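Scroll down for the structure; my scribbles are underneath it.
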Amino acid sequence: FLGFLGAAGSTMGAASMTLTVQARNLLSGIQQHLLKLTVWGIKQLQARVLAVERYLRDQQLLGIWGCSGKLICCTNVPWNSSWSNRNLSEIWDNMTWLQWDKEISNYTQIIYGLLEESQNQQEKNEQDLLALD
Amino acid sequence: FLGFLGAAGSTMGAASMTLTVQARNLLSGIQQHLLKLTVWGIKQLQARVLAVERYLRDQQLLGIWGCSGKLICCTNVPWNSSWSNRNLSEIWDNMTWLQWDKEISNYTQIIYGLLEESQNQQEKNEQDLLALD
Amino acid sequence: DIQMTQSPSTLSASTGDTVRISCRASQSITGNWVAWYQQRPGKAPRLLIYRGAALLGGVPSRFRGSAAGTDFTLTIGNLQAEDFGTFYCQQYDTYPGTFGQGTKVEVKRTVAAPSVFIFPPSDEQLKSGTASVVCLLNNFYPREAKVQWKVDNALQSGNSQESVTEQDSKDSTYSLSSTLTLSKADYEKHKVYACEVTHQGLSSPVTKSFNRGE
Amino acid sequence: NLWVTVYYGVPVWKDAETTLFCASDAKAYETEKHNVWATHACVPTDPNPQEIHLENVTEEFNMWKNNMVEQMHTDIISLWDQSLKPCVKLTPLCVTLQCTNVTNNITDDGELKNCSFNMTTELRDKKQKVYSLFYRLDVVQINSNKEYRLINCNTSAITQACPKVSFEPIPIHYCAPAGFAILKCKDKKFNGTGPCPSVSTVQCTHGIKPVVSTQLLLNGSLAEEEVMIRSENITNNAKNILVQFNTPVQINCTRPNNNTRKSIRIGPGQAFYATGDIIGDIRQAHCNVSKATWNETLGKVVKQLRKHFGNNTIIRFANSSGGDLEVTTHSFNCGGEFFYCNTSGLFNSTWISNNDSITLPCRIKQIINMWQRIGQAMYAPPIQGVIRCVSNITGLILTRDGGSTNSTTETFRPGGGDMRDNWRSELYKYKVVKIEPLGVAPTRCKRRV
Amino acid sequence: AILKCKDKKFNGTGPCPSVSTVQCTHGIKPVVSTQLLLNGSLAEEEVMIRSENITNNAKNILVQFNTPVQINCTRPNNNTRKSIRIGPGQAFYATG
Amino acid sequence: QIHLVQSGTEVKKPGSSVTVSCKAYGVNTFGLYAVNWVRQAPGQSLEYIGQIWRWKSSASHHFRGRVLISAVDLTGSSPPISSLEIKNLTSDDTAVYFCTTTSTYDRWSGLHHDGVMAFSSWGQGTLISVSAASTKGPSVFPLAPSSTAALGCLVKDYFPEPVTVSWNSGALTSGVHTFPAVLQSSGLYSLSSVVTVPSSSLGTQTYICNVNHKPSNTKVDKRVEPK
Ligand SMILES: *[C@@H]1O[C@H](CO)[C@@H](O[C@@H]2O[C@H](CO)[C@@H](O[C@@H]3O[C@H](CO[C@H]4O[C@H](CO[C@H]5O[C@H](CO)[C@@H](O)[C@H](O)[C@@H]5O)[C@@H](O)[C@H](O)[C@@H]4O)[C@@H](O)[C@H](O[C@H]4O[C@H](CO)[C@@H](O)[C@H](O)[C@@H]4O[C@H]4O[C@H](CO)[C@@H](O)[C@H](O)[C@@H]4O)[C@@H]3O)[C@H](O)[C@H]2NC(C)=O)[C@H](O)[C@H]1NC(C)=O
Ligand SMILES: *[C@@H]1O[C@H](CO)[C@@H](O[C@@H]2O[C@H](CO)[C@@H](O[C@@H]3O[C@H](CO[C@H]4O[C@H](CO)[C@@H](O)[C@H](O)[C@@H]4O)[C@@H](O)[C@H](O[C@H]4O[C@H](CO)[C@@H](O)[C@H](O)[C@@H]4O)[C@@H]3O)[C@H](O)[C@H]2NC(C)=O)[C@H](O)[C@H]1NC(C)=O
Ligand SMILES: *[C@@H]1O[C@H](CO)[C@@H](O[C@@H]2O[C@H](CO)[C@@H](O[C@@H]3O[C@H](CO[C@H]4O[C@H](CO)[C@@H](O)[C@H](O[C@H]5O[C@H](CO)[C@@H](O)[C@H](O)[C@@H]5O)[C@@H]4O)[C@@H](O)[C@H](O)[C@@H]3O)[C@H](O)[C@H]2NC(C)=O)[C@H](O)[C@H]1NC(C)=O
Ligand SMILES: *[C@@H]1O[C@H](CO)[C@@H](O[C@@H]2O[C@H](CO)[C@@H](O[C@@H]3O[C@H](CO)[C@@H](O)[C@H](O[C@H]4O[C@H](CO)[C@@H](O)[C@H](O)[C@@H]4O)[C@@H]3O)[C@H](O)[C@H]2NC(C)=O)[C@H](O)[C@H]1NC(C)=O
Ligand SMILES: *[C@@H]1O[C@H](CO)[C@@H](O[C@@H]2O[C@H](CO)[C@@H](O[C@@H]3O[C@H](CO[C@H]4O[C@H](CO)[C@@H](O)[C@H](O)[C@@H]4O)[C@@H](O)[C@H](O)[C@@H]3O)[C@H](O)[C@H]2NC(C)=O)[C@H](O)[C@H]1NC(C)=O
Ligand SMILES: *[C@@H]1O[C@H](CO)[C@@H](O[C@@H]2O[C@H](CO)[C@@H](O[C@@H]3O[C@H](CO[C@H]4O[C@H](CO)[C@@H](O)[C@H](O)[C@@H]4O)[C@@H](O)[C@H](O)[C@@H]3O)[C@H](O)[C@H]2NC(C)=O)[C@H](O)[C@H]1NC(C)=O
Ligand SMILES: *[C@@H]1O[C@H](CO)[C@@H](O[C@@H]2O[C@H](CO)[C@@H](O[C@@H]3O[C@H](CO)[C@@H](O)[C@H](O)[C@@H]3O)[C@H](O)[C@H]2NC(C)=O)[C@H](O)[C@H]1NC(C)=O
Ligand SMILES: *[C@@H]1O[C@H](CO)[C@@H](O[C@@H]2O[C@H](CO)[C@@H](O)[C@H](O)[C@H]2NC(C)=O)[C@H](O)[C@H]1NC(C)=O
Ligand SMILES: *[C@@H]1O[C@H](CO)[C@@H](O[C@@H]2O[C@H](CO)[C@@H](O)[C@H](O)[C@H]2NC(C)=O)[C@H](O)[C@H]1NC(C)=O
Ligand SMILES: *[C@@H]1O[C@H](CO)[C@@H](O[C@@H]2O[C@H](CO)[C@@H](O)[C@H](O)[C@H]2NC(C)=O)[C@H](O)[C@H]1NC(C)=O
Ligand SMILES: *[C@@H]1O[C@H](CO)[C@@H](O[C@@H]2O[C@H](CO)[C@@H](O)[C@H](O)[C@H]2NC(C)=O)[C@H](O)[C@H]1NC(C)=O
Ligand SMILES: *[C@@H]1O[C@H](CO)[C@@H](O[C@@H]2O[C@H](CO)[C@@H](O)[C@H](O)[C@H]2NC(C)=O)[C@H](O)[C@H]1NC(C)=O
Ligand SMILES: *[C@@H]1O[C@H](CO)[C@@H](O[C@@H]2O[C@H](CO)[C@@H](O)[C@H](O)[C@H]2NC(C)=O)[C@H](O)[C@H]1NC(C)=O
Ligand SMILES: *[C@@H]1O[C@H](CO)[C@@H](O)[C@H](O)[C@H]1NC(C)=O
Ligand SMILES: *[C@@H]1O[C@H](CO)[C@@H](O)[C@H](O)[C@H]1NC(C)=O
Ligand SMILES: *[C@@H]1O[C@H](CO)[C@@H](O)[C@H](O)[C@H]1NC(C)=O
Ligand SMILES: *[C@@H]1O[C@H](CO)[C@@H](O)[C@H](O)[C@H]1NC(C)=O
Ligand SMILES: *[C@@H]1O[C@H](CO)[C@@H](O)[C@H](O)[C@H]1NC(C)=O
């Protein structure tokens, strides 16, 4: 297997044919008569709350989107070539995360804005109007 | 923009072309060495638990339905004209929430019952039988 | 290699002004891998801005940069005395990192006519076997000025050299030295030596001269 | 042509900070001892330390930037506080004392003061004169026969440990909250800084003991092929030097005095277990290290010195210069008693170009206010019997003195007192990351209508 | 959500057209003062007359200030700080 | 704090080699900082020579194989140091050479882009002069006034740079313009230093310039009597 993060030193083609094993990792963790004054489980269950709330902000994204699961999803959102100018060989053959992550931070801003705009505009509205027959 | 609840003094047409900005509002909120006896975060994180559990009863609805997101959704559930007798001009032009909410409390009861009945009857069963080929 | 073409080469401004220096690349730099540097004469450059909009810790807020496609612009509002100097844009998108030609930022001053002086060669210099003629231009603005040497009323080129001070902090004027060098035997043969100066501050070319002997 | 596509679960990670959690073995809870010292409400250890080696990962590291050295430091001393709260307090004990020098043997001749004193008892209306034998380190005199109270009786309150708990450092795996990960530098030689190709990810750590020792390492992890030279700034002289052992060093620290305990009633519900009779003779605590293994240790260490600091110089050893008793001694528990060993003979050597155990005197002290959190001193109730604890030495903590010459000689001296070098020496090569699963790739694929 | 009545004159009761929503409030001080207000919020154009039941006499009257009022409350006595030992760990800082 | 101190100025003849040192004080290690060597030709733009990052030496194609850039980590005796060695000097190599330190611990810094980076720390500078000429004291000649007027000194045929010029042992500082050096066809340096003073004070006060050249250890005092 690849196990956990086994697609690390790879390219997003060979990584993209994987990573549901990596995706199924939010919870893997899961004596009350001695003196009953504990401190550990407060912060431990607190961390369980923080991890679940993190995953539900993630499901807030994976909910309100055009990408309700859809473990990976294609779009109808276009691409300006002024944004990047590489080839599918140049990325899918060898370019995987780093400055790719910096660019998709720029279009985390811009393109997540385009997820909101593409979602609002006519992914639902024209769906209603064509649905209303 | 309209911001938060900017479609308040509107009609459900112009409101209905909005409100994903209103919909993305469940979490917007997000010093341990002084004496380490706190009381605030117990009730604060308690309120985070109550708000998340509220939203997951909401996703219990938005899950088990014919309206898995589908941010807004049309149906196959009919309408008795004995229930209400207005026009799409009379509602979509000027009638937005109040006694509309009282009527859809009556058909919160009746019509949420029809969501359960319409969901059970042949939205899945006939889908299985036509699916079984 | 990336070719960084900087612009303008020289600009004049005053304190409190808002000034903009542009820098174009041969290719388009998407990642915004461009830095800006300030270098006062003699001392080492300072890194002011990296990656376009990023200010380095300690650089004043009035320095801000903008990056779109191939063009890049460094903007200095509320120009301060400490800000005057030379500025360089540097790309680091492709190996190797390349800098621009640079942009000089001079002080504004009212245009100033140059004080012209001519100096014949020292008699002691003649006993060494060489003769040097110097024409002095002092306290003038702006820095664009041309000197030619006229010996026996004939043009002379290829043997004159020039040296220029940096702008005076107090008056915002410049000063220039034109040194004309030639052999000892030729000097005695030439009849007369003249310096004609063409500058904006002078209504017509000012010529100051001397004949051998005084 | 082009559109975009959205991907989930992509290998994108940055660093972050959080609180980890423990993983104790369930075998130690069979010896629960009414909260066996560390483990009270811990997580059972996952028996599968899932370690996935990660190819093509070269991350710059530092063991001096980000850890729960401070956080778990405060967690361990907070456990110390939570132990000190419900157990026996010693508040009416600040009573003047009538003490005499002991007379059994000469190995302590002194230091054992037969201290009689007035006291009350259960019946608030009642009194109780008593005598007990105390080591010189728990008391101090005050200025007929000399009187002696207690050094904390003008500074801080005193509690003794409730005798049900243990004092054992427990092998506890430290696991990460999910959505995060722990990484590992699996090389042979790693001074704590720089990159690392040998990258593996583990959900947890290995089983890690809360060891309390100054100037050395006991029962810690062992180094690879060479003893390492780990520090932060060897150009600085204020930094300590961590030398993890290739080969562990045997030591036999003994309390060779069989003793007795006197439980005296200060109650109701209160009581104090004082020192009974020393059954037998009078000896001192001491430890034994074989001289040849010590010589090979010093030789291998000084070879690493001429690998790391210079190549050709003089390396001469002096002891600790002075200061606190915990600073001057390798200071550490032996089961329930805290040996403060005179490590003066172990720092007497000189290195320029090229069957016996070594026995050093050790001292025991009970009234302790460790980590200098002044306001609460801890008292150790006495233990009967000859105590023999077999520990094995697992590293070094040393100081670089001021040079002040032209590389003539180098005098290196003991140090410590922070315990954060024990934290970092037992907690390097591990790190905490946050995980980002979201990816967006533009291509020419398009959804339908 | 938290709502806000952004009018000028508002005695605390009645409707309000000037409605804004805020996620939070402004920065609010736990002020301990009787009979007045110190460092509180300031009113609009007029000082308001705020109460619940002015027909009742048991109700108090809240008058928020258009204009704040300067005051110079001084403890004009330089004093000494003593510390006597009641311990261990206890002690009492008495008046010097 | 981190600065960076480089070796002293060196004069070298064509075809020779040279190694410039750079002590990095304040730098914790070259595992968390990268070293870039850049030269600036006289009155010119800057040019990348090479770097050393992750203990990997490298050089630009123009300087590729002609230069060797080594560095050594921190020691208890001395801070970490990098060295720039340049073989087979030519006159086109006469330039100032700079040390560069940029933190490399964070991947997202935006200071560095996969080894190609901007330059966060800089050094004083090392003047590397390459010329076939040898050291030579300056011949100083007077620029005499004649006919407010101006006078000066002519410092000629000195190598290498620099020369310092002062007037009346520092007494006269106002109106003093010492022009930068020009390099002659003879591969020698030469400049002039002039003064503007009221002509009315030409016969009253005496004017002397003080030239000092430490490379040749030469110091001349020339009287500028008017003609
Ligand atoms: C670095 O690591 C090394 C390796 O871990 C450390 O070396 C350890 O050092 C410990 C002290 O520092 C020492 O701890 C003592 O262990 C004793 C043995 O306990 C075990 O066995 C007993 C009973 O078995 C005995 O008899 C059988 C049969 O003959 C033999 O086979 C055994 O070997 C034993 O001789 C079990 O009950 C235990 O559960 C263990 O399995 C303990 O006896 C001792 O605890 C005693 O004192 C405690 C404090 O008073 C008390 O709470 C506890 O109940 C014990 O009391 C004994 O005596 C009283 C007398 O009144 C009696 O009432 C009790 O019934 C009981 O007999 C310590 O726990 C470790 O043994 C030693 N080795 C190992 C492998 O861990 C080293 O210290 C460490 N370095 C540092 C700095 O820590
Ligand atoms: C593509 O995307 C990357 C990241 O998405 C963008 O790079 C960002 O560029 C912006 C430009 O403004 C950077 O913003 C500035 O960052 C400076 C560095 O921040 C560090 O230090 C500060 C101060 O200690 C810390 O607070 C911070 O956490 C960092 O450690 C800041 O110093 C700047 O803040 C200063 O000015 C602001 C002005 O509003 C003041 O309010 C502040 O008080 C302060 O004085 C400023 O935040 C940003 O950091 C860059 N991010 C990264 C990761 O590099 C690219 O620009 C973007 N390109 C395009 C085309 O989209
Ligand atoms: C009793 O004291 C209070 C407190 O001063 C007086 O109430 C008024 O308070 C408001 C703010 O609550 C002040 O009005 C405006 O304040 C704006 C906020 O400015 C603060 O924060 C700015 C950003 O950090 C900062 O620049 C600014 O500094 C300004 O005031 C400083 C002194 O407080 C001064 O040192 C600075 O130079 C600068 O002037 C503030 O910290 C601000 O942006 C507006 O310009 C404006 O100041 C009022 O000035 C206060 N006064 C009045 C008369 O309204 C209250 O009135 C006092 N009552 C009496 C009777 O004295
Ligand atoms: C902490 O540990 C790291 C890893 O052990 C260690 O970094 C190592 O430093 C040495 C030297 O500082 C590096 O060795 C280099 O190897 C290359 C490849 O052959 C050589 O070209 C280098 O030679 C240069 O430096 C020599 C030093 O005398 C010069 O003589 C020579 O002219 C060149 O300048 C050099 O030998 C080694 O690669 C690194 N390893 C890593 C992973 O970086 C670091 O020094 C340790 N720090 C402390 C304080 O212990
Ligand atoms: C690790 O410990 C090292 C010391 O053991 C620390 O090195 C010191 O770092 C500081 C700044 O962090 C430097 O201070 C600067 O020094 C430079 C260079 O000037 C030096 O040399 C001149 C000429 O002889 C001398 O006059 C100065 O006093 C300096 O000795 C100055 O330009 C700066 O203004 C500033 O003073 C120390 O010089 C430097 N000392 C040594 C011996 O390296 C190092 O910082 C520590 N690392 C960390 C992370 O703390
Ligand atoms: C750590 O090292 C310490 C120093 O080596 C050890 O101390 C030793 O402890 C033992 C007991 O454990 C003592 O042995 C005693 O020796 C005296 C004298 O015996 C000698 O003379 C008699 C009579 O002629 C003869 O029979 C013996 O063989 C000896 O020649 C005896 O009277 C006692 O009964 C007892 O045997 C050692 O004296 C003492 N010192 C030394 C230098 O050996 C300590 O035990 C070590 N601890 C561990 C855990 O290793
Ligand atoms: C001090 O004690 C520790 C713990 O005993 C020694 O560390 C090493 O521990 C491992 C794991 O327990 C031992 O490996 C195996 O131990 C089992 C059971 O003891 C045994 O059946 C196997 O044959 C194997 O020995 C290992 O022996 C032990 N020693 C070494 C050298 O790796 C530590 O070494 C001790 N130090 C000294 C100086 O005695
Ligand atoms: C780690 O990266 C290296 C490349 O840097 C990968 O090595 C390649 O492996 C494939 C398959 O074996 C070969 O076809 C290539 O020729 C190799 N290239 C090089 C430069 O070695 C390596 O596979 C990566 N590791 C993993 C687990 O994917
Ligand atoms: C608030 O409600 C008023 C009506 O009560 C809206 O006013 C209407 O605005 C539209 C667009 O400007 C006009 O065509 C109508 O003629 C207006 N009607 C009246 C009666 O004034 C107003 O737009 C609402 N505001 C918001 C934000 O919804
Ligand atoms: C520390 O003490 C242990 C015993 O407590 C010693 O171990 C013995 O060593 C001898 C050889 O010297 C062996 O024959 C025995 O079998 C060992 N016994 C046990 C129980 O381990 C050890 O040598 C002592 N080490 C030092 C440095 O004193
Ligand atoms: C370090 O070792 C020396 C030698 O053992 C210690 O004791 C000194 O011994 C000489 C012997 O005459 C005395 O003159 C000194 O006064 C002693 N020093 C002190 C401070 O008393 C020294 O104590 C040792 N240091 C430690 C911490 O043990
Ligand atoms: C190291 O310790 C030895 C003793 O363990 C010291 O050597 C003694 O030195 C004194 C004079 O200083 C002599 O009178 C003794 O005869 C020596 N004894 C032995 C056994 O050699 C030595 O001085 C110590 N060295 C240091 C630096 O402390
Ligand atoms: C301390 O020594 C005493 C005596 O040497 C040991 O206690 C004796 O134990 C035996 C049984 O083993 C009893 O029969 C005796 O009555 C005891 N005598 C005394 C005086 O107590 C004792 O075991 C040693 N202490 C410990 C804790 O082991
Ligand atoms: C990409 O195209 C859109 C539409 O023309 C435009 O608004 C945007 O500015 C372009 N991107 C950039 C970086 O200019
Ligand atoms: C609407 O029609 C259904 C079927 O006739 C009937 O059961 C229901 O009661 C009607 N609604 C009302 C309000 O009567
Ligand atoms: C023991 O006590 C006596 C009486 O005070 C004293 O004279 C003697 O010095 C003491 N011995 C020691 C070692 O303190
Ligand atoms: C260590 O042993 C060697 C012989 O193997 C000896 O030469 C050396 O002096 C010894 N060192 C010490 C400090 O005893
Ligand atoms: C030290 O010198 C010795 C003998 O020349 C040599 O074997 C060794 O490799 C050198 N070590 C270093 C670090 O230079």
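Each chain of the structure tokens is named A, B, ... in the order shown, its residues numbered from 1; ligands are numbered from 1 in display order.
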task = Using only C-alpha atoms, find the residues of chain D whose closest atom to chain F is at most 12 Å away, then write them as a PyMOL selection string.
result = chain D and resi 13-15+58-62+64-65+191-196+231-239+241+305-311+400-407+410
key: All residues having an atom within 6 Å of ligand 7 (only C-alpha atoms and all ligand atoms) as a PyMOL selection string   = chain D and resi 248-250+392
message = Give me, as a list in words, all polymer residues having an atom no more than 6 Å from region 157-173 of chain F, counting only C-alpha atoms and skipping those fewer than 2 positions away in the same chain.
response = residues 135, 136, 137, 138, 176, 188, 189, 190, 208, 209, 210, 211, 212 and 213 of chain F
Please provide as a compact mmCIF listing (two decimals) with C-alpha atoms, in the first residue's frame all residues within 7 Å of residue 11 (chain B), with the sequence filter that same-chain residues fewer than 4 positions apart are discarded (counting only C-alpha atoms).
```txt
# COMPACT_ATOMS: atom_id res chain seq x y z
CA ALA B 15 -34.67 37.29 -1.51
CA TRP B 92 -43.83 36.58 -5.29
CA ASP B 93 -44.69 40.23 -5.80
CA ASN B 94 -45.55 41.15 -2.21
CA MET B 95 -45.82 38.49 0.50
CA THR B 96 -42.63 37.36 2.18
```
Pick out the residues sitting within 10 Å of residue 160 (chain C), and hand them over as a short mmCIF file (atom, residue, chain, number, x, y, z; two decimals) with N, CA, C and O atoms, in the first residue's frame; count only C-alpha atoms, and ignore anything fewer than 5 positions along from it in its own chain.
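Writing done, so here's around.cif:
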```cif
data_model
loop_
_atom_site.label_atom_id
_atom_site.label_comp_id
_atom_site.auth_asym_id
_atom_site.auth_seq_id
_atom_site.Cartn_x
_atom_site.Cartn_y
_atom_site.Cartn_z
N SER C 132 48.50 68.52 -18.73
CA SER C 132 47.08 68.26 -18.51
C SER C 132 46.34 69.59 -18.44
O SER C 132 46.76 70.51 -17.74
N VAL C 133 45.23 69.68 -19.17
CA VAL C 133 44.37 70.87 -19.18
C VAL C 133 43.04 70.49 -18.54
O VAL C 133 42.46 69.44 -18.86
N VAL C 134 42.54 71.34 -17.65
CA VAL C 134 41.33 71.08 -16.89
C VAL C 134 40.35 72.23 -17.10
O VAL C 134 40.73 73.40 -17.06
N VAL C 147 30.78 69.29 -22.84
CA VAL C 147 31.98 70.11 -22.99
C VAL C 147 32.76 69.60 -24.20
O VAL C 147 32.84 68.40 -24.45
N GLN C 148 33.29 70.54 -24.97
CA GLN C 148 34.22 70.25 -26.05
C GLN C 148 35.43 71.16 -25.89
O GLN C 148 35.32 72.27 -25.38
N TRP C 149 36.59 70.67 -26.33
CA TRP C 149 37.84 71.40 -26.23
C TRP C 149 38.23 71.92 -27.61
O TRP C 149 38.19 71.18 -28.59
N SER C 178 36.48 68.28 -16.42
CA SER C 178 36.88 67.81 -17.74
C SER C 178 38.39 67.96 -17.86
O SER C 178 38.91 69.08 -17.92
N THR C 179 39.09 66.83 -17.90
CA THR C 179 40.55 66.80 -17.95
C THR C 179 41.00 66.42 -19.36
O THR C 179 40.73 65.31 -19.82
N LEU C 180 41.70 67.34 -20.02
CA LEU C 180 42.27 67.11 -21.34
C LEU C 180 43.77 66.89 -21.21
O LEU C 180 44.49 67.76 -20.70
N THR C 181 44.25 65.74 -21.67
CA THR C 181 45.64 65.34 -21.51
C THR C 181 46.28 65.12 -22.88
O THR C 181 45.64 64.57 -23.79
N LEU C 182 47.53 65.55 -23.02
CA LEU C 182 48.26 65.38 -24.27
C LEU C 182 49.75 65.55 -23.99
O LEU C 182 50.16 65.95 -22.90
#
```
request  = Write out as a list in words every residue belonging to chain E that has an atom at most 8 Å from any atom of chain D, counting only C-alpha atoms.
outcome  =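 Residues passing the distance filter: residues 87, 88 and 89 of chain E.
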inquiry  = Give me, as a VMD selection string, all polymer residues having an atom no more than 10 Å from region 121-125 of chain D, counting only C-alpha atoms and skipping those fewer than 2 positions away in the same chain.
reply    = chain D and resid 119 127 to 129 264 to 271
Output file for the residues above (N, CA and C atoms, as a CSV table (one decimal), in the first residue's frame):
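What ended up in selection25.csv:
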```csv
chain,number,residue,atom,x,y,z
D,119,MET,N,4.3,19.3,70.1
D,119,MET,CA,3.4,19.2,69.0
D,119,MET,C,2.0,18.9,69.7
D,127,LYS,N,-1.6,17.7,73.7
D,127,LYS,CA,-0.2,18.0,73.3
D,127,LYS,C,0.5,16.7,73.0
D,128,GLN,N,1.8,16.8,72.5
D,128,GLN,CA,2.6,15.6,72.2
D,128,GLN,C,4.1,15.9,71.9
D,129,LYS,N,4.9,15.8,72.9
D,129,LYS,CA,6.4,16.0,72.7
D,129,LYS,C,6.9,14.7,72.0
D,264,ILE,N,3.4,9.1,63.4
D,264,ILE,CA,3.0,9.9,64.6
D,264,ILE,C,1.7,10.6,64.2
D,265,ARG,N,0.7,10.7,65.2
D,265,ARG,CA,-0.6,11.2,64.9
D,265,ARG,C,-0.7,12.7,65.1
D,266,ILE,N,-0.8,13.4,64.1
D,266,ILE,CA,-1.1,14.9,64.1
D,266,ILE,C,-2.5,15.1,63.8
D,267,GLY,N,-3.4,14.1,63.7
D,267,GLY,CA,-4.7,14.2,63.1
D,267,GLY,C,-5.7,15.0,64.0
D,268,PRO,N,-7.0,14.7,63.8
D,268,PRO,CA,-7.7,13.6,63.1
D,268,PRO,C,-7.5,13.6,61.6
D,269,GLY,N,-7.2,12.4,61.0
D,269,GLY,CA,-7.0,12.2,59.6
D,269,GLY,C,-5.7,12.6,59.1
D,270,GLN,N,-5.0,13.5,59.8
D,270,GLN,CA,-3.6,13.8,59.5
D,270,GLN,C,-2.7,12.9,60.3
D,271,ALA,N,-1.4,12.8,59.9
D,271,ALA,CA,-0.4,12.0,60.6
D,271,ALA,C,0.9,12.2,59.8
```
query = What is the distance, in Å and to one decimal place, between atom 24 (O, counted along the ligand's line) of ligand 2 and CA of residue 56 (chain C)?
reply = 9.3 Å
Members of region 13-82 of chain A assigned strand (DSSP E or B) by DSSP, as a compact mmCIF listing (two decimals) with N, CA and C atoms, in the first residue's frame:
```txt
# COMPACT_ATOMS: atom_id res chain seq x y z
N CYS A 73 -14.01 16.71 -7.75
CA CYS A 73 -15.05 17.21 -8.62
C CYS A 73 -14.47 18.15 -9.67
N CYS A 74 -15.00 18.02 -10.87
CA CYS A 74 -14.76 18.95 -11.95
C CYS A 74 -15.73 20.12 -11.81
N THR A 75 -15.53 21.15 -12.63
CA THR A 75 -16.34 22.36 -12.49
C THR A 75 -16.97 22.83 -13.79
N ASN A 76 -17.58 24.02 -13.71
CA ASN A 76 -17.89 24.86 -14.86
C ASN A 76 -17.26 26.24 -14.71
N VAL A 77 -16.22 26.35 -13.90
CA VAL A 77 -15.54 27.62 -13.65
C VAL A 77 -14.37 27.74 -14.61
N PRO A 78 -14.28 28.81 -15.41
CA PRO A 78 -13.20 28.90 -16.40
C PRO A 78 -11.84 29.22 -15.81
```
query = Skipping near chain neighbours, those fewer than 5 positions away, what residues fall within 9 Å of residue 152 (chain C) using only C-alpha atoms, listed as a list in words?
reply =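 The contact residues come out as residues 190, 191, 192, 193 and 194 of chain C.
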task = Go through region 47-182 of chain C and collect every residue that DSSP, computed from the backbone, puts in alpha helix (DSSP H); the answer should be as a list in words.
result =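 Output for region 47-182 of chain C, alpha helix (DSSP H) only: residues 123, 124, 125, 126 and 127 of chain C.
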Keeping C-alpha atoms for every residue in the selection just given, could you write it to a file as a compact mmCIF listing (two decimals), in the first residue's frame?
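Final file, again.txt:
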```txt
# COMPACT_ATOMS: atom_id res chain seq x y z
CA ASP C 123 54.81 74.53 -15.05
CA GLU C 124 56.10 71.74 -12.79
CA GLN C 125 53.96 69.22 -14.67
CA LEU C 126 55.85 70.30 -17.80
CA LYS C 127 59.18 69.23 -16.27
```
ask   = Hey, can you check how far atom 59 (C, counted along the ligand's line) of ligand 3 sits from CA of residue 54 (chain E)?
value = 29.3 Å
query = What do you get as a list in words if you pick all residues at most 12 Å from ligand 12, counting only C-alpha atoms and all ligand atoms?
reply =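 Checking only C-alpha atoms and all ligand atoms against ligand 12 at 12 Å gives residues 315, 316, 317, 318, 319, 320, 343, 344, 345, 346, 347, 348, 349, 350, 351, 358, 359, 360 and 411 of chain D.
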